[PDB]
file my_file_0.tsv (TSV, C-alpha atoms)
chain	number	residue	atom	x	y	z
A	1	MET	CA	196.12	206.63	116.44
A	2	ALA	CA	196.09	210.43	116.32
A	3	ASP	CA	194.54	210.46	119.78
A	4	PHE	CA	197.84	209.57	121.45
A	5	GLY	CA	200.05	209.69	118.37
A	6	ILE	CA	200.33	205.90	118.45
A	7	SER	CA	201.97	203.88	115.68
A	8	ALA	CA	202.71	200.30	114.62
A	9	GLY	CA	206.18	199.01	115.48
A	10	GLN	CA	206.62	200.70	118.85
A	11	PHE	CA	206.06	199.70	122.47
A	12	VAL	CA	203.04	201.32	124.13
A	13	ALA	CA	202.02	200.61	127.73
A	14	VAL	CA	198.41	201.14	128.81
A	15	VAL	CA	197.83	202.08	132.45
A	16	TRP	CA	194.35	201.53	133.88
A	17	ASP	CA	192.75	201.78	137.32
A	18	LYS	CA	189.48	201.44	139.24
A	19	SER	CA	188.17	204.48	137.35
A	20	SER	CA	188.96	202.60	134.14
A	21	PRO	CA	186.24	199.97	133.54
A	22	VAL	CA	187.09	196.95	131.39
A	23	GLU	CA	184.32	198.16	129.08
A	24	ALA	CA	186.38	201.15	127.96
A	25	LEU	CA	189.81	199.98	129.10
A	26	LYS	CA	189.69	196.72	127.14
A	27	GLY	CA	188.58	198.79	124.16
A	28	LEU	CA	191.33	201.39	124.40
A	29	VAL	CA	193.93	198.65	124.79
A	30	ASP	CA	192.31	196.48	122.12
A	31	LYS	CA	192.53	199.04	119.31
A	32	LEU	CA	196.06	199.92	120.43
A	33	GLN	CA	196.92	196.22	120.61
A	34	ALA	CA	195.86	195.71	116.99
A	35	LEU	CA	197.45	198.90	115.67
A	36	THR	CA	200.51	198.85	117.92
A	37	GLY	CA	200.62	195.29	119.21
A	38	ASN	CA	200.59	194.20	115.57
A	39	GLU	CA	204.15	195.19	114.68
A	40	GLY	CA	205.28	196.53	118.04
A	41	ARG	CA	204.18	195.53	121.53
A	42	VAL	CA	201.53	196.47	124.09
A	43	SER	CA	201.68	195.93	127.85
A	44	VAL	CA	199.05	196.40	130.55
A	45	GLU	CA	199.60	197.91	134.00
A	46	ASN	CA	197.44	199.07	136.91
A	47	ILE	CA	197.82	202.52	138.45
A	48	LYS	CA	197.63	200.84	141.86
A	49	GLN	CA	200.34	198.36	140.87
A	50	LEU	CA	202.35	200.98	138.99
A	51	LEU	CA	205.22	199.88	141.23
A	52	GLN	CA	205.47	196.76	139.06
A	53	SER	CA	205.24	198.85	135.89
A	54	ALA	CA	208.97	199.44	136.39
A	55	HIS	CA	209.88	196.81	133.79
A	56	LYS	CA	212.97	198.39	132.23
A	57	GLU	CA	214.48	201.73	131.22
A	58	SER	CA	213.32	203.48	128.05
A	59	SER	CA	211.30	200.67	126.47
A	60	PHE	CA	207.86	202.15	125.82
A	61	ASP	CA	207.69	204.85	123.15
A	62	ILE	CA	204.29	205.87	124.52
A	63	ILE	CA	202.50	205.60	127.86
A	64	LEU	CA	198.80	206.06	128.64
A	65	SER	CA	197.35	206.77	132.09
A	66	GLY	CA	193.58	206.58	132.46
A	67	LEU	CA	192.49	207.86	129.06
A	68	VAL	CA	188.73	207.38	129.46
A	69	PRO	CA	185.69	209.68	129.68
A	70	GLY	CA	184.92	210.74	133.23
A	71	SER	CA	188.11	209.08	134.45
A	72	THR	CA	189.29	209.99	137.95
A	73	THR	CA	192.90	209.61	139.06
A	74	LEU	CA	195.81	211.60	140.48
A	75	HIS	CA	199.37	210.67	139.50
A	76	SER	CA	202.38	211.71	141.58
A	77	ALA	CA	206.18	211.84	141.35
A	78	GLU	CA	206.21	208.21	142.49
A	79	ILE	CA	203.97	207.14	139.61
A	80	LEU	CA	205.26	209.53	136.95
A	81	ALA	CA	208.77	208.37	137.82
A	82	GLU	CA	208.07	204.78	136.79
A	83	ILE	CA	206.38	205.97	133.60
A	84	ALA	CA	209.17	208.21	132.33
A	85	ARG	CA	211.66	205.60	133.52
A	86	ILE	CA	210.22	203.02	131.12
A	87	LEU	CA	209.37	205.77	128.64
A	88	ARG	CA	211.78	205.72	125.69
A	89	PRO	CA	213.68	208.91	124.79
A	90	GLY	CA	211.46	211.12	122.66
A	91	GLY	CA	208.26	209.26	123.42
A	92	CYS	CA	204.97	210.63	124.75
A	93	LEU	CA	202.93	210.34	127.95
A	94	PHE	CA	199.20	211.02	128.20
A	95	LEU	CA	197.35	211.15	131.53
A	96	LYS	CA	194.19	212.60	133.06
A	97	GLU	CA	193.86	214.11	136.53
A	98	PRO	CA	191.57	216.58	138.34
A	99	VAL	CA	192.90	220.10	138.89
A	100	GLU	CA	191.88	222.75	141.42
A	101	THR	CA	191.72	226.46	140.60
A	102	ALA	CA	191.31	227.53	144.22
A	103	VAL	CA	194.03	225.63	146.08
A	104	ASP	CA	197.81	225.62	146.45
A	105	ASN	CA	200.07	223.57	144.18
A	106	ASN	CA	200.59	220.46	146.30
A	107	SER	CA	197.48	220.49	148.49
A	108	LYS	CA	195.55	217.27	149.06
A	109	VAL	CA	195.29	216.86	145.29
A	110	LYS	CA	197.61	217.52	142.35
A	111	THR	CA	196.50	220.81	140.80
A	112	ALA	CA	197.00	222.01	137.22
A	113	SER	CA	200.29	223.76	137.99
A	114	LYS	CA	201.49	220.98	140.29
A	115	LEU	CA	200.63	218.44	137.60
A	116	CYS	CA	202.48	220.19	134.78
A	117	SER	CA	205.45	220.90	137.05
A	118	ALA	CA	205.44	217.36	138.43
A	119	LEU	CA	205.36	215.83	134.95
A	120	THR	CA	208.09	218.10	133.55
A	121	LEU	CA	210.12	217.47	136.71
A	122	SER	CA	209.41	213.74	136.49
A	123	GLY	CA	211.77	213.53	133.53
A	124	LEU	CA	209.35	214.80	130.89
A	125	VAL	CA	209.20	218.00	128.85
A	126	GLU	CA	206.93	220.07	126.60
A	127	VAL	CA	204.01	219.30	128.91
A	128	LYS	CA	200.60	220.83	128.19
A	129	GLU	CA	196.85	220.19	128.34
A	130	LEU	CA	195.12	218.50	125.41
A	131	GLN	CA	191.47	218.84	126.43
A	132	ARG	CA	189.13	219.69	129.30
A	133	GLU	CA	186.39	217.62	130.95
A	134	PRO	CA	183.58	218.77	133.29
A	135	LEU	CA	183.05	217.43	136.81
A	136	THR	CA	180.19	214.98	137.36
A	137	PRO	CA	178.42	213.91	140.58
A	138	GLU	CA	179.41	210.29	139.95
A	139	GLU	CA	183.06	211.19	139.39
A	140	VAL	CA	183.63	213.72	142.18
A	141	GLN	CA	182.35	211.11	144.63
A	142	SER	CA	184.71	208.50	143.19
A	143	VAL	CA	187.80	210.70	143.49
A	144	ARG	CA	186.72	211.77	146.98
A	145	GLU	CA	186.22	208.16	148.08
A	146	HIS	CA	189.31	206.94	146.24
A	147	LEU	CA	191.60	209.84	147.15
A	148	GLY	CA	189.65	212.53	148.98
A	149	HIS	CA	189.27	215.28	146.39
A	150	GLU	CA	186.35	217.54	147.29
A	151	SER	CA	185.98	221.11	146.02
A	152	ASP	CA	183.93	223.43	143.81
A	153	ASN	CA	186.85	224.98	141.91
A	154	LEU	CA	187.96	221.56	140.66
A	155	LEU	CA	187.84	220.40	137.04
A	156	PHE	CA	188.97	217.33	135.10
A	157	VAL	CA	191.61	218.00	132.44
A	158	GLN	CA	193.83	215.89	130.19
A	159	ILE	CA	197.56	216.62	130.06
A	160	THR	CA	200.42	215.15	128.04
A	161	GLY	CA	204.21	215.27	128.04
A	162	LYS	CA	207.03	214.35	125.67
A	163	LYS	CA	210.17	212.55	126.85
A	164	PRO	CA	213.50	214.36	126.32
A	165	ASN	CA	215.63	212.54	123.75
A	166	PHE	CA	219.39	212.85	123.25
A	167	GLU	CA	219.25	215.17	120.24
A	168	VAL	CA	218.38	218.66	121.46
A	169	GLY	CA	219.93	219.92	124.68
A	170	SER	CA	216.99	221.95	125.97
A	171	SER	CA	217.80	221.46	129.65
A	172	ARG	CA	217.04	218.11	131.29

call {"tool": "encode", "arguments": {"input": "my_file_0.tsv", "output": "structure tokens"}}
result
Amino acid sequence: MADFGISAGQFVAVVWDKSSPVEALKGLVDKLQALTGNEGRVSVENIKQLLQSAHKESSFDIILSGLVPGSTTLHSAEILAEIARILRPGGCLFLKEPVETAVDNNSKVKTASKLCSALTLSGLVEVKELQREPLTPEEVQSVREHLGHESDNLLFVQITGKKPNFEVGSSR
């Protein structure tokens, strides 16, 4: 539960994709379904079908996006939008995406800066990295064949962001 600050009695939506095999996915959602789905609720959505993830406004206290080892995915304003949209005020959002330390912000792939800025600008705040993961030959090929990411200055990293709740007045 400390992994994503999950709790029982809240609504947490788990977002998976091709990079998220049922082996791990089912497991991540299972534990969260027993700890969160017990008192609260747990929904499942696909990164590719994120468009349908737009259930309602501020309903999920927490949102997960590809939280597996070696995961490979790149979220954008279009995706992040839906997340935050359904993300309750004051909730949390955890996602993992490859970052490049030798390319512009936008580029062909969301970089570290672009990611943090995109998330914070997607309606989230207090965004920051939680951990760092190395690049493997089986992953790089997946992201390159799934998106087109191909570089040597790349590196997988996990980032999170908290949703702004009406009880502060920071900015957005």

call {"tool": "atom_distance", "arguments": {"input": "my_file_0.tsv", "atom1": "CA of residue 66 (chain A)", "atom2": "CA of residue 172 (chain A)"}}
result
26.2 Å

call {"tool": "closest_residue", "arguments": {"input": "my_file_0.tsv", "among": "A:112, A:12, A:127, A:93", "to": "residue 156 (chain A)", "atoms": "only C-alpha atoms"}}
result
A:112

call {"tool": "residues_around", "arguments": {"input": "my_file_0.tsv", "residues": "residue 14 (chain A)", "least_positions_apart": "3", "cutoff": "10 Å", "atoms": "all atoms listed in the file", "output": "compact mmCIF listing (two decimals) with C-alpha atoms, in the coordinates of the input"}}
result
# COMPACT_ATOMS: atom_id res chain seq x y z
CA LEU A 25 189.81 199.98 129.10
CA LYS A 26 189.69 196.72 127.14
CA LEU A 28 191.33 201.39 124.40
CA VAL A 29 193.93 198.65 124.79
CA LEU A 32 196.06 199.92 120.43
CA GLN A 33 196.92 196.22 120.61
CA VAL A 42 201.53 196.47 124.09
CA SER A 43 201.68 195.93 127.85
CA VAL A 44 199.05 196.40 130.55
CA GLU A 45 199.60 197.91 134.00
CA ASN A 46 197.44 199.07 136.91
CA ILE A 47 197.82 202.52 138.45
CA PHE A 60 207.86 202.15 125.82
CA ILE A 62 204.29 205.87 124.52
CA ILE A 63 202.50 205.60 127.86
CA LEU A 64 198.80 206.06 128.64
CA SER A 65 197.35 206.77 132.09
CA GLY A 66 193.58 206.58 132.46
CA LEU A 67 192.49 207.86 129.06
CA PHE A 94 199.20 211.02 128.20

call {"tool": "closest_residue", "arguments": {"input": "my_file_0.tsv", "among": "A:53, A:155, A:13, A:8", "to": "residue 39 (chain A)", "atoms": "all atoms listed in the file"}}
result
A:8

call {"tool": "residues_around", "arguments": {"input": "my_file_0.tsv", "residues": "residue 68 (chain A)", "least_positions_apart": "2", "cutoff": "10 Å", "atoms": "only C-alpha atoms", "output": "count of residues only"}}
result
15

call {"tool": "residues_around", "arguments": {"input": "my_file_0.tsv", "residues": "region 144-148 of chain A", "least_positions_apart": "2", "cutoff": "12 Å", "atoms": "only C-alpha atoms", "output": "VMD selection string"}}
result
chain A and resid 17 to 19 48 72 to 75 97 to 98 107 to 110 137 to 142 150 to 151 154

call {"tool": "write_last_selection", "arguments": {"input": "my_file_0.tsv", "atoms": "C-alpha atoms", "output": "CSV table (one decimal), in the frame of the given file"}}
result
chain,number,residue,atom,x,y,z
A,17,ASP,CA,192.8,201.8,137.3
A,18,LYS,CA,189.5,201.4,139.2
A,19,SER,CA,188.2,204.5,137.4
A,48,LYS,CA,197.6,200.8,141.9
A,72,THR,CA,189.3,210.0,138.0
A,73,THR,CA,192.9,209.6,139.1
A,74,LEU,CA,195.8,211.6,140.5
A,75,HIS,CA,199.4,210.7,139.5
A,97,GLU,CA,193.9,214.1,136.5
A,98,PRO,CA,191.6,216.6,138.3
A,107,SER,CA,197.5,220.5,148.5
A,108,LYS,CA,195.6,217.3,149.1
A,109,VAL,CA,195.3,216.9,145.3
A,110,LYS,CA,197.6,217.5,142.4
A,137,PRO,CA,178.4,213.9,140.6
A,138,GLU,CA,179.4,210.3,140.0
A,139,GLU,CA,183.1,211.2,139.4
A,140,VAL,CA,183.6,213.7,142.2
A,141,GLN,CA,182.4,211.1,144.6
A,142,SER,CA,184.7,208.5,143.2
A,150,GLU,CA,186.4,217.5,147.3
A,151,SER,CA,186.0,221.1,146.0
A,154,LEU,CA,188.0,221.6,140.7

call {"tool": "atom_distance", "arguments": {"input": "my_file_0.tsv", "atom1": "CA of residue 114 (chain A)", "atom2": "CA of residue 79 (chain A)"}}
result
14.1 Å

call {"tool": "closest_residue", "arguments": {"input": "my_file_0.tsv", "among": "A:113, A:105, A:52, A:170", "to": "residue 78 (chain A)", "atoms": "only C-alpha atoms"}}
result
A:52

call {"tool": "atom_distance", "arguments": {"input": "my_file_0.tsv", "atom1": "CA of residue 99 (chain A)", "atom2": "CA of residue 152 (chain A)"}}
result
10.8 Å

call {"tool": "build_atoms", "arguments": {"input": "my_file_0.tsv", "residues": "region 147-168 of chain A", "atoms": "N, CA and C atoms", "output": "PDB file, in the coordinates of the input"}}
result
ATOM      1  N   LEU A 147     190.475 209.009 146.734  1.00  0.00           N
ATOM      2  CA  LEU A 147     191.600 209.840 147.150  1.00  0.00           C
ATOM      3  C   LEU A 147     191.181 210.805 148.257  1.00  0.00           C
ATOM      4  N   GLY A 148     190.131 211.577 147.996  1.00  0.00           N
ATOM      5  CA  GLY A 148     189.650 212.530 148.980  1.00  0.00           C
ATOM      6  C   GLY A 148     189.447 213.913 148.395  1.00  0.00           C
ATOM      7  N   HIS A 149     189.456 214.002 147.069  1.00  0.00           N
ATOM      8  CA  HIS A 149     189.270 215.280 146.390  1.00  0.00           C
ATOM      9  C   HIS A 149     187.837 215.770 146.527  1.00  0.00           C
ATOM     10  N   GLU A 150     187.677 216.964 147.091  1.00  0.00           N
ATOM     11  CA  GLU A 150     186.350 217.540 147.290  1.00  0.00           C
ATOM     12  C   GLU A 150     186.422 219.069 147.267  1.00  0.00           C
ATOM     13  N   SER A 151     185.968 219.663 146.169  1.00  0.00           N
ATOM     14  CA  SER A 151     185.980 221.110 146.020  1.00  0.00           C
ATOM     15  C   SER A 151     185.005 221.560 144.939  1.00  0.00           C
ATOM     16  N   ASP A 152     184.837 222.872 144.806  1.00  0.00           N
ATOM     17  CA  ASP A 152     183.930 223.430 143.810  1.00  0.00           C
ATOM     18  C   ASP A 152     184.716 224.075 142.667  1.00  0.00           C
ATOM     19  N   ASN A 153     185.991 224.357 142.916  1.00  0.00           N
ATOM     20  CA  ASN A 153     186.850 224.980 141.910  1.00  0.00           C
ATOM     21  C   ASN A 153     187.651 223.924 141.156  1.00  0.00           C
ATOM     22  N   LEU A 154     187.273 222.662 141.330  1.00  0.00           N
ATOM     23  CA  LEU A 154     187.960 221.560 140.660  1.00  0.00           C
ATOM     24  C   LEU A 154     187.461 221.395 139.231  1.00  0.00           C
ATOM     25  N   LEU A 155     188.208 220.640 138.435  1.00  0.00           N
ATOM     26  CA  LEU A 155     187.840 220.400 137.040  1.00  0.00           C
ATOM     27  C   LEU A 155     188.776 219.376 136.403  1.00  0.00           C
ATOM     28  N   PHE A 156     188.191 218.375 135.755  1.00  0.00           N
ATOM     29  CA  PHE A 156     188.970 217.330 135.100  1.00  0.00           C
ATOM     30  C   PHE A 156     189.600 217.852 133.811  1.00  0.00           C
ATOM     31  N   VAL A 157     190.885 217.561 133.628  1.00  0.00           N
ATOM     32  CA  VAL A 157     191.610 218.000 132.440  1.00  0.00           C
ATOM     33  C   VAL A 157     192.653 216.971 132.023  1.00  0.00           C
ATOM     34  N   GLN A 158     192.854 216.837 130.716  1.00  0.00           N
ATOM     35  CA  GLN A 158     193.830 215.890 130.190  1.00  0.00           C
ATOM     36  C   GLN A 158     195.135 216.589 129.835  1.00  0.00           C
ATOM     37  N   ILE A 159     196.243 216.045 130.327  1.00  0.00           N
ATOM     38  CA  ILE A 159     197.560 216.620 130.060  1.00  0.00           C
ATOM     39  C   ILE A 159     198.501 215.579 129.469  1.00  0.00           C
ATOM     40  N   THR A 160     199.454 216.042 128.667  1.00  0.00           N
ATOM     41  CA  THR A 160     200.420 215.150 128.040  1.00  0.00           C
ATOM     42  C   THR A 160     201.835 215.714 128.144  1.00  0.00           C
ATOM     43  N   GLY A 161     202.826 214.846 127.957  1.00  0.00           N
ATOM     44  CA  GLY A 161     204.210 215.270 128.040  1.00  0.00           C
ATOM     45  C   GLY A 161     205.131 214.419 127.190  1.00  0.00           C
ATOM     46  N   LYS A 162     206.086 215.060 126.524  1.00  0.00           N
ATOM     47  CA  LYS A 162     207.030 214.350 125.670  1.00  0.00           C
ATOM     48  C   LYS A 162     208.343 214.096 126.415  1.00  0.00           C
ATOM     49  N   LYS A 163     208.917 212.916 126.205  1.00  0.00           N
ATOM     50  CA  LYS A 163     210.170 212.550 126.850  1.00  0.00           C
ATOM     51  C   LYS A 163     211.361 213.156 126.113  1.00  0.00           C
ATOM     52  N   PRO A 164     212.302 213.730 126.878  1.00  0.00           N
ATOM     53  CA  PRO A 164     213.500 214.360 126.320  1.00  0.00           C
ATOM     54  C   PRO A 164     214.468 213.332 125.729  1.00  0.00           C
ATOM     55  N   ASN A 165     214.729 213.451 124.431  1.00  0.00           N
ATOM     56  CA  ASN A 165     215.630 212.540 123.750  1.00  0.00           C
ATOM     57  C   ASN A 165     216.998 213.183 123.524  1.00  0.00           C
ATOM     58  N   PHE A 166     218.036 212.356 123.463  1.00  0.00           N
ATOM     59  CA  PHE A 166     219.390 212.850 123.250  1.00  0.00           C
ATOM     60  C   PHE A 166     219.578 213.346 121.823  1.00  0.00           C
ATOM     61  N   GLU A 167     219.139 214.576 121.570  1.00  0.00           N
ATOM     62  CA  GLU A 167     219.250 215.170 120.240  1.00  0.00           C
ATOM     63  C   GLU A 167     218.694 216.587 120.229  1.00  0.00           C
ATOM     64  N   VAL A 168     218.864 217.295 121.341  1.00  0.00           N
ATOM     65  CA  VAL A 168     218.380 218.660 121.460  1.00  0.00           C
ATOM     66  C   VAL A 168     219.253 219.481 122.400  1.00  0.00           C
TER      67      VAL A 168
END
